[PDB]
Structure formats: C-alpha cells, structure tokens
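First come two forms of one protein chain, each written alone as structure tokens, so that there is a structure 1 and a structure 2.
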Structure 1
C-alpha cells in the first residue's frame, strides 16, 4: 500500500498530532506556546508499525510554557496573534514496544 487519509476524528491521529506538537513545543527556544490552527492533510500508512504524515499550520500564543494558567490560556486567546508557521511531521508508532517516534519535522 501507500499512504491514505485518516479522518481528524481518529484517535490514533489525535495522539500522533498531540505528540508532534509537544515535542515541537520543547524543541523551540521561545517562551510562548504554539498551537495547531488547522491540520492541512493527515495521512497514515502501515509499514509495520503505523506511520502518520501530518501537515499542520501552527500559530504562536501569548501563553508562556511557564504559567499554570496555560491550558486555560490557550483555549482563550483563540482568534488573534503572532505568526502562522506550516509544518510537516511524520510520526511512527511501533505498537509492540508500545512506542511513538518522531521521524521527521519540516517547518517553513
């Protein structure tokens, strides 16, 4: 086979995406959080484990990765702000070791 769409409402995708982002959020040396503002395409393929290819518009928030107010903060600042970034993440899920691995991310 060959990679075929996963509907947003899928729970593997929802785990994969949330994994891409938290790892994106550490890897960046800014002080605020980033969010997904849209998934542009979400695909999967089964090569032994399940390998997702996500394309995501990410935006910046005014919500510091410090503050306890964080997740409440994030739902809130909602439609306003900084800069839109678009990324492609490929996540790979190896369900007999129980593990989820981030194989590439490409941002613009």
Structure 2
C-alpha cells in the first residue's frame, strides 16, 4: 500500500541486470577461487526507491569451468560434477546513487 517500500520489479529490468551484473562481478573479485561464478537463475528480486535505488536479490550461484574473466564475461559453463559446482544461494543488496554516478554492495551473504 505504502510509499517507499520494497517492490517486486521484473527479471528483465535493465536497471536490475546492471545491478546484478555489478554484484556478481564484485564477487568473483572478492572471491579467492580461481574459477569465476556466475548466476543460475534469479529467485526473488525487489527494488526499493530511496535516496537513489536499492535492489534486493535472491539468486542461485554456481561455479563455472572458467578463469576470472581473463577471458570475457562472457558465458562459460558450470562444472560438471556438483561438488566442484558447489551450487548455493546468495542475497545481494546493491545501492545506486546515479546522480552521483556511484554504486555499492551493501550486503552479500550466501548460504
């Protein structure tokens, strides 16, 4: 009913893609694993309007048979054996302030 509360927002939301893209890219970089990950699917994403835009992602991540982009980024493939693919779920919280051309990663905790 409410002003300023988190809203659904569709999966193909260009603004979201960019939000996710950033999140993931940031990750692989924070990760120490020599294999880059990447999203299997977007479970539940919500966008809240504030002093800028805030996104809340629920996605399933997986390990691919690829290097840290030193490649492209660009779609490899996930590891064939589910134990190297170490599938899991993460929740990202991105915060963009466009009129300041900046963007952050407020929270990124995985299962």
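Residue numbers count along the first chain shown, from 1. Only residues modelled in both forms are compared. If you superpose the two forms and keep the largest set of C-alpha atoms that fall within 1.5 Å, you have the rigid core.
Once the two forms are fitted on their rigid core, between structure 1 and structure 2 the CA displacement reaches 2 Å or more only for 81 among 37, 81, 50, 40. On core superposition, residue 102 has its C-alpha offset by 0.7 angstrom between structure 1 and structure 2.
When the rigid core is fitted, residue 69 shows a C-alpha shift of 6.8 Å between structure 1 and structure 2. Listed in sequence order, the runs of at least 3 residues with C-alpha movement of 2 Å or more between structure 1 and structure 2, after fitting the core, amount to a single one: 66 to 81.
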